[PDB]
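Below: the structure, in structure tokens.
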Amino acid sequence: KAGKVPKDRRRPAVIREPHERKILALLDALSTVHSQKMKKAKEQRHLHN
Amino acid sequence: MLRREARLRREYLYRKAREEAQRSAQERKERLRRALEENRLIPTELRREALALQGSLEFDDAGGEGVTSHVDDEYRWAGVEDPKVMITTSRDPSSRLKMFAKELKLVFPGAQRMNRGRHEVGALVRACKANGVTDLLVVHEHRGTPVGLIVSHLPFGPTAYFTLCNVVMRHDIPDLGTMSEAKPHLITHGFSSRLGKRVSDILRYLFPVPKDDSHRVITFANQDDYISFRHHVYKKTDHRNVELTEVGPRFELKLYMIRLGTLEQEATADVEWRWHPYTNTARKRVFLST
Amino acid sequence: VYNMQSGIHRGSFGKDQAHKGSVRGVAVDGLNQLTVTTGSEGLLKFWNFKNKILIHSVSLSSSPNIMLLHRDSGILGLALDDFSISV
Amino acid sequence: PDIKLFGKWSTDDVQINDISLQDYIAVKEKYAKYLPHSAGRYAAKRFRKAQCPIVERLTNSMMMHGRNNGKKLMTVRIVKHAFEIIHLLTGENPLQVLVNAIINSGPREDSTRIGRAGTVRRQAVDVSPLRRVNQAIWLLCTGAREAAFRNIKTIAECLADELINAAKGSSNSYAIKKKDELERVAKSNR
Amino acid sequence: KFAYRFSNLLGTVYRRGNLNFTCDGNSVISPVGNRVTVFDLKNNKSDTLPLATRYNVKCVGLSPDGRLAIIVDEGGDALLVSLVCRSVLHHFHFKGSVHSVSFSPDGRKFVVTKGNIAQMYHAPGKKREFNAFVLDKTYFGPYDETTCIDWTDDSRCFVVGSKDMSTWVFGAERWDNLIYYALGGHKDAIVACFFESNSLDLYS
Amino acid sequence: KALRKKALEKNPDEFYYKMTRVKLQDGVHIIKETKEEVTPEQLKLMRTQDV
Amino acid sequence: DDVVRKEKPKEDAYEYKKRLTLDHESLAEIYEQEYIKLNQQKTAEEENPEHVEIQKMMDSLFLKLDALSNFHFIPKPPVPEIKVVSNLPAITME
Amino acid sequence: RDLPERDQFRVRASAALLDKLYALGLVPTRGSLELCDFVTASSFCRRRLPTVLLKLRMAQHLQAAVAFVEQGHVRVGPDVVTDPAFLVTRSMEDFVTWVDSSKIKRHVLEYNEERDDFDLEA
Amino acid sequence: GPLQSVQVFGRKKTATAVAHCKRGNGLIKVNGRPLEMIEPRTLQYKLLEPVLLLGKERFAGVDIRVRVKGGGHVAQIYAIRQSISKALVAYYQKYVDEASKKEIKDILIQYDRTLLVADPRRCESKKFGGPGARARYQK
Amino acid sequence: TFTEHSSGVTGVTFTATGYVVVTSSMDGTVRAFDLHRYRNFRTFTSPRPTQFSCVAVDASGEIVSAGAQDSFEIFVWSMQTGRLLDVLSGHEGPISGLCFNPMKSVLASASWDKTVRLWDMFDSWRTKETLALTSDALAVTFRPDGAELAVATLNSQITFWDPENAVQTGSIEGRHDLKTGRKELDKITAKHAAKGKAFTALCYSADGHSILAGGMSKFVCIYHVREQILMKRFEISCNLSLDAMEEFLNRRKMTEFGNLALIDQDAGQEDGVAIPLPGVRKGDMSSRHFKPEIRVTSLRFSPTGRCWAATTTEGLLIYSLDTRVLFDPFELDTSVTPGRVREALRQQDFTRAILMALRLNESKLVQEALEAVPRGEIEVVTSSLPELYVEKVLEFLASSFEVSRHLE
RNA sequence: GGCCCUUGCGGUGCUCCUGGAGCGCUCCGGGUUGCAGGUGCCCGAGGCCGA
RNA sequence: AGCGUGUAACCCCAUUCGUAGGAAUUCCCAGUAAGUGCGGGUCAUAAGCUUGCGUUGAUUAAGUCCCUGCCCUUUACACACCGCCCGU
Ligand SMILES: [Mg+2]
Ligand SMILES: [Mg+2]
Ligand SMILES: [Mg+2]
Ligand SMILES: [Mg+2]
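Protein chains in written order, with the numbering used here: chain B, 2 to 50; chain S, 8 to 297; chain Y, 4 to 90; chain G, -5 to 184; chain V, 373 to 576; chain R, 331 to 381; chain E, 10 to 103; chain X, 49 to 170; chain W, 73 to 211; chain C, 13 to 420.
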């Protein structure tokens, strides 16, 4: 895991503007739906074959 | 030595897997041989590759060992050398368990009994292999009566598990005397199935080659998967009339497990045969007789 | 005494000094058992090599000049200032 | 360096006055140890226990007598306390006292036995030095154990008194009485 | 305390080289690998000489008187040794490999055959010098490596066999009638060549 | 059972080049994360970017 | 129904003598018959060229095979046999 | 094979031949003479020390295995073997191991957390 | 330049001790505690045997830390003694001349061999051997 | 010469009393031969086909013992019976060597599991002892008195143990002393090879005060056992026609592509007679036969004590006592000189002359002193002779009988 | 310990005699070189594998 | 301390208090006798019982056939030694 990082070595995280967070959340929601649809369609192809 | 022992085990397991294949190859060879000796059709299965089997027939001779048997590999030194038997008990034995283990030393010729203290089971097997111990016996007790017996063949031989039913020891019977200690004659009766032949082989190889004039007899009789152990000495008072006097312990055996490995290999060894009591037809089935 | 491999001092002979005058010659026997030294004062001393304890002292008629030891035979050669050789 | 038992009892001044028992009492420079606890295997071979230091032998023989077996550190502390009490009372080396007690407690001849159902007959025979040492240690330990039983007195003081009396040669000790009776029976049976 | 000296080399009687009998003929000189042993058949004795060499002995030459001997290894190092005192007298280094060494029966000269040539040297004298042997003459006859040497009884001429299927006879001194002569008639390597008792008549 | 049988014929003298750079931890083969190996000049640039 | 003794290829010097005495039935006559039989068995080997030829080529192969193993092979047990010694001084054996 | 099957000479010779081949490892089992016909030149190569090192998992690469013996890191018993052309017997196969005071053995012990400076370097 | 350090193992039954010896001033610690604080103190002299055999002069130039795990009290104590002795011998071999190592090793062996060589106990009994002597049994 | 053995001879020995020699071979046989009738009267073989590596016999001679390459067990037979008494098991790995105690009749055997085991033959309870070692053991030898034991180990250490007490008396380091040279075909250097080589031959002197060690070298090392130092190094051979003689190979023979030893190898193998076979270490069919490597195969010291022998690749080497090697006087003084010796001879003061000549260790002076004494005065001189000089006079007499005309 | 235009630091380019393996050279001498029988050698891939 | 993935006691330092099982009989040789704790219930057996694993660790003995018994024998010619079991 090696999660630990020294205080001097660590850097502050990026702070996002609300605009791109709306875009980034939209893509992940679209990606979640698309991934589910392809996996469901795979089983239908597997069953019929 | 440890590397040598591991190498011999892999050699033994490798030969065991291919034993069935050689038997089928051997069987096909004899069918071709009969077809050649008596002028007949080659069987349709043997029609192809017939020349190769014919070439093999010329190469076969008495010099070759023949088809291998896993039983023969386990008991390699059965006839040539006398077996060496060691008897031990579970940790903290009872008073009567030590008395039973003392009698089993007398029954088996050349057997030795050693105290079980704080010895690890794996350490015990290592010492037995180093000093050439052939067979190891472990006996269990319940409330002062023997209840279980384990027979292990040290050179990666089979391990057989038994349960004792009706144990009567010499120490309970007063004024018996001393035993004959001669090399005994063995009587095997009631074993007809393939498994019964397998079990009787393990019990018989515990004993050395006797003399022709020996008067000591040990009997193993099978009846409904229960093996009865009897020890007798006989005197010929006259021709055709013989008298029998019972000596030594008397107990019953019921086998329930055979494993390929030694008793230090519980987690790795395969099970050749196991008793299944929850089978739907387990009540009406026997395995030691046909 | 110094170690050849590491160069570490391994002790000295005598409480403060081995001899009053200059040390003319030193020698160690083949078995590393006895050590012999000479001084300009004219004394011949024998020392144990291990524990560095004095064994015996021999007075010389003249001051020693050079000294060599034949280890195998155990024979010691001394050349003195009076032109004589003592064995 | 100098090796002293328990860090305070020297072994160089200890000397043995019996020529026969010099080879069977291990107290000298090679057998000098800081503690009577070495975890050695002295019962593996015949005659090897003669190489065991006599303090360790006394510790081992004091574990079998009147105790739950296997408690060796307690016996070591008992021996240490007994040696301290001996030094306080007498003012000399307790190792010398132990050696003198073992020398005095050892019988010189015993009676070998010829026994039937009716009566027993006797014959005086000699005793080997190893059996002398073993029997002297056994008698001293048994005397200390029987003295300490059912009395308001810890085992250390009884053991110290037993060694003091045996080394002195007085008749107040159990081991001296046992030795005298055994040699008397052997003398009467010559 | 531990004062020991080498005495004899048992277990070996011949490795490589040429065998020789002593002058009287009772003892035999045999090279055993690095060393040389004398076997006295007269007294039933074996004696390994104390001398040692860097390489295996290839050539052993004996002086006619029986006092001196020359022992040469494979590498070309040569030792002049006295058989009477069993001590190595002197050292020498021939530049190249020598096939054989032979003394003249008179005992004043000896021939060393090396490479394609044969070099004739004087016998060692009583005078002691840094260089053991003074080179006298050189002969450069054969095509290929020379093998064997033989001397006439009068020590006037000598003969050398060679690998070039021919034998060359040379003169110890420059004779007007005979400087050198060559003999053929063979289709393989010459192994040995000999002379008569009192003639130049020869065998190949 | 398959894992335990493989331990029987394990050779203690077996050698792999992966063994040189990796050390066991309690018998478990943990792959430690690779280092970054930053330099002081690089380190000073990160702190200026952060402020 | 006992353990049956298997057949040994090795024959010790104590059972070899036993075999000869059993069939024949003084010591020299027993050895005399065996010596004649052993020579007769030896002779028949040489008159069969095929056994002779194959014996020599077996020897060549076994010598080569032993060196490759650096003389680490399973040994052959010694056969008990009879040898003829003559009544003459021991100097000749030197 | 051409000899009669019921011949004492054939039986003794056949048993003698197969036990030598089995000892060197050229033949898998001491069966009939049919197995004696399967030996090739490659059978001898499989018994060499570098390829036996490969099977024992001491080395994973054949050029690496040849390197180890040539650099004196493998021993057969107390003796150290440098010649790659060295046919190892089945019995001798049990006793091929890293020579002591070798760097490769140090790496093996370091990985297993069994590195002892006293025992190894001594 | 680089630090001079040696790590050594000591074993006794199921007790295992790891000892690290480096250049230092004479500090010897076991599990972060001094030598005198290790229990039981009845065998405390058992824990002090090497230093008393060698003196404070030889231990004055090294720091040793011991980490012991497993087993009981006595096995742990013996493991710590073995680890200390072996670590000191290894350090004097690697970073000091061989003569001091040889003499110290000879002293330690002459006192007690278990300080440097661990001898685990196996099962050897008369029951393994047959009745009677090795010779004269069955003729 | 005896030719009953078909394969190579691994070990030989003599019985303590009789003129009987016992031999073990790779045939699987141990054979006994007598020097009275020159016959092989007894042969011992194992019930299981095994090959033997070494042999040891008791001082009584009733017991014969041998060890195996593969079965890893010791076989013990009776000499008079000829049957197998027992098989000793417990070792792991091949057995390095066996030896019987000269005075106690117990067996010491070394194995490659870092152990030396002691076996008691005439013990009712079958006592056995184990001596653990840090490294692989190669040789075991007893001192002639039997009170000390020596083990050579693979780390080149010779450890001296007390057998009855099972305690290690001492140790000797000898890796540096066994100087080893590189063979012509070796890619590694001499030091790297030497890091993996140890002593393979050990031998006590008759007095036991010194030990001899040998192995993969041209040097035999003589050590003082009590002081644990090397007294002397003997150079067995200086022949440079044998491989590995020198530590550093000549830079002259190098070219760009190496030393090219295979060409000289084939030039050597032009001897013919057989065909070289790949991988054979020794023999005619071995590739490296023309230039065999230098080895001290075995060392032994005479019971008489005036010589010692070694079997090496060169052959059998014998080294004998010689007065010329070292001057070893006993008790010198300025009065002790041959002039005073001949003076005391002239005044017929035989005892003082003989004593002072014995204080010198020159054999000719004591020879002249003893031969000067007329008969009838012998007993006076013997009575006047002190106890210490008796052994010196006996040693001189024993030396004298060999080369003196005046036997009686 | 010594060092004073220095360094617990690093690198280069030439020279440094072949055991057999650069033989043959003081003088003298080098001119007229004065068909036995041979028949060789080479040709096997099957993994108790590792990755 | 050491075995045991199915949704520590014992010991140790100090404080206080204060005067057990006949006659017979069985078993046991080294990490053995004896003490102490901690787990599992594994296709048989096992519940106040069965079996693992660790901790501490001894006294005596290493040889005779006297008693009580058992197994065998009294028909490979080195040297040396030895020189016929008996009865119905
Ligand atoms: Mg118990
Ligand atoms: Mg317990
Ligand atoms: Mg009670
Ligand atoms: Mg419990």
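No residue lacks a Cβ here, since even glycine has one placed at the ideal position from N, Cα and C.
Quiz item: Quick one: is Y:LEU83 near chain C, going by C-beta distance under 7 Å?
Solution: Taking the first residue of the third sequence as 1, we reach residue 83 of chain Y at position 80. No - not a single Cβ of chain C is within 7 Å of the one on Y:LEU83.
Self-check item: Within 7 Å of chain Y by C-beta, residues of the segment 122 to 135 of chain W in sequence order
Solution: none
Practice problem: Using a Cβ cut-off of 8 Å, pull out every chain G residue sitting near C:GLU141, in sequence order please. | Solution: In the tenth sequence, counting from the first residue as 1, residue 141 of chain C sits at position 129. The contacting residues are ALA38 and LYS39.
Quiz item: Rounded to whole angstroms, how far is the Cβ of G:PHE0 from the Cβ of G:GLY60, which I believe are closer than 8 Å?
Solution: As a working mapping, residue 0 of chain G is identified with position 6 in the fourth sequence. As a working mapping, residue 60 of chain G is identified with position 66 in the fourth sequence. Not quite, the Cβ-Cβ distance comes to about 24 Å (not below 8 Å), so this is no contact.
Quiz item: Count the other CB atoms within 10 Å of the CB of B:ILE24; is the residue buried (16 or more) or exposed (fewer)?
Solution: Within the first sequence, numbered from 1, the residue matching residue 24 of chain B stands at position 23. With fewer than 16 Cβ atoms within 10 Å of its Cβ, B:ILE24 is classed as exposed.
Quiz item: With 16 as the cutoff for other CB atoms within 10 Å, does G:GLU50 come out buried or exposed?
Solution: Taking the first residue of the fourth sequence as position 1, residue 50 of chain G is located at position 56. So G:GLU50 counts as buried.
Quiz prompt | Member of C:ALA122, C:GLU343, C:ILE275 and C:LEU100 whose CA lies at the smallest distance from the CA of C:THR212 | solution = As a first step, residue 212 of chain C is located in the tenth sequence; it is residue number 200 there, counting from the start. Here the closest residue by C-alpha is C:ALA122.
Quiz item: Which residues mark the beginning and the end of the beta strand (DSSP E) in which S:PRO116 is found?
Solution: Locating residue 116 of chain S in the second sequence gives position 109, counting from the first residue. From DSSP, S:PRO116 is part of no beta strand (DSSP E); its letter is neither H nor E.
Quiz item: Relative to the C-alpha of E:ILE83, which residue among X:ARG60, X:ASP67 and X:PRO132 is closest?
Solution: In the seventh sequence, counting from the first residue as 1, residue 83 of chain E sits at position 74. Closest by alpha carbon: X:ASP67.
Self-check item: Under 7 Å from the C-beta of W:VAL80: neighbouring residues of chain X
Solution: The residue you call residue 80 of chain W lines up with position 8 of the ninth sequence. What W:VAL80 touches in chain X: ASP164, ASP165 and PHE166.
Quiz prompt | Chain-ordered residues of the segment 134 to 148 of chain S with a beta carbon less than 8 Å from chain C | solution = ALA137, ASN138 and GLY139
Quiz item: Quick one, are the C-beta atoms of V:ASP508 and V:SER534 less than 7 Å apart?
Solution: Counting from one through the fifth sequence, the residue named residue 508 of chain V turns up at place 136. Counting from one through the fifth sequence, the residue named residue 534 of chain V turns up at place 162. Cβ atoms of V:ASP508 and V:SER534: not closer than 7 Å.
Quiz item: Using Cβ-Cβ distances below 7 Å, what residues of the segment 121 to 149 of chain X are close to chain S?
Solution: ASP142
Practice problem: Check G:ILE96 in the structure and name its three-state DSSP category. | Solution: One-based indexing of the fourth sequence puts residue 96 of chain G at position 102. DSSP places G:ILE96 in helix when its eight states are reduced to three.
Quiz prompt | Secondary structure of C:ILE330, DSSP reduced to three states | solution = Along the tenth sequence, read from residue 1 onward, the residue named residue 330 of chain C stands at position 318. C:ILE330: strand per DSSP, three-state reduction.
Quiz prompt | V:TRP547 burial status per 10 Å Cβ neighbour count (16 or more: buried) | solution = Your numbering for residue 547 of chain V matches position 175 in the fifth sequence. When all chains shown are included, V:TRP547 counts as exposed.
Quiz item: What separation, rounded to the nearest whole angstrom, lies between the Cα atoms of V:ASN488 and V:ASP437?
Solution: As a first step, residue 488 of chain V must be located in the fifth sequence, where it is residue number 116. As a first step, residue 437 of chain V must be located in the fifth sequence, where it is residue number 65. Annotation: V:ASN488 to V:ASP437 spans about 30 Å, alpha carbon to alpha carbon.
Quiz prompt | Opposing strand residues paired with S:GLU250 [DSSP bridges] | solution = Against the second sequence, residue 250 of chain S aligns to sequence position 243. Answer is S:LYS242.
Quiz item: S:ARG150: which of S:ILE180, S:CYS172, S:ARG103 and S:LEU143 sits nearest, CA to CA?
Solution: Residue numbering aside, residue 150 of chain S sits at position 143 when the second sequence is read from its first letter. Comparing Cα-Cα distances from S:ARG150 to each of S:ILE180, S:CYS172, S:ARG103 and S:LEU143, the minimum goes to S:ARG103.
Quiz item: Cβ atoms of G:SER99 and G:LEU134: under 7 Å apart, would you say?
Solution: Taking the fourth sequence and counting its residues from 1, one reaches residue 134 of chain G at position 140. Taking the fourth sequence and counting its residues from 1, one reaches residue 99 of chain G at position 105. Yes. Within cutoff.
Quiz item: Measuring CB to CB, does R:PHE345 end up less than 7 Å from X:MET106?
Solution: The residue you call residue 345 of chain R lines up with position 15 of the sixth sequence. The residue you call residue 106 of chain X lines up with position 58 of the eighth sequence. In this structure, X:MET106 lies closer than 7 Å to R:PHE345 by Cβ.
Quiz item: Are the segment 18 to 25 of chain Y and the segment 37 to 47 of chain Y in contact at 8 Å, needing three or more beta carbon pairs?
Solution: yes
Quiz prompt | Residue span of the beta strand (DSSP E) that contains S:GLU81, given as start and end | solution = Taking the first residue of the second sequence as 1, we reach residue 81 of chain S at position 74. Unbroken run through S:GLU81 is the alpha helix (DSSP H), 77 to 81; no beta strand (DSSP E).
Quiz item: How would you list, in chain order, the residues of chain W whose beta-carbon sits under 8 Å from the beta-carbon of G:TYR28?
Solution: Taking the first residue of the fourth sequence as position 1, residue 28 of chain G is located at position 34. Per Cβ cutoff of 8 Å: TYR117, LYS118, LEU120, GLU121 and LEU124.
Practice problem: Name, going along the chain, the residues of the segment 69 to 83 of chain E whose beta-carbon falls closer than 9 Å to a beta-carbon of chain X. | Solution: Per Cβ criterion, the list reads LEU70, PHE71, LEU74, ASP75, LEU77, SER78, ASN79, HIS81, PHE82 and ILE83.
Quiz item: For C:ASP39 and chain E, any beta-carbon pair shorter than 7 Å?
Solution: Taking the first residue of the tenth sequence as position 1, residue 39 of chain C is located at position 27. Interface residue, yes.
Quiz item: By the criterion of Cβ-Cβ separation under 7 Å, what are the contact partners of X:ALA170 in chain C?
Solution: Residue mapping note: residue 170 of chain X aligns to position 122 of the eighth sequence, counting from 1. Those are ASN167, listed as they occur along chain C.
Exercise. Classify E:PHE71 as buried or exposed, calling it buried when 16 or more other Cβ atoms lie within 10 Å of its own Cβ.
Key: The count along the seventh sequence starts at 1 and reaches residue 71 of chain E at position 62. E:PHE71 is exposed by the Cβ-count criterion.
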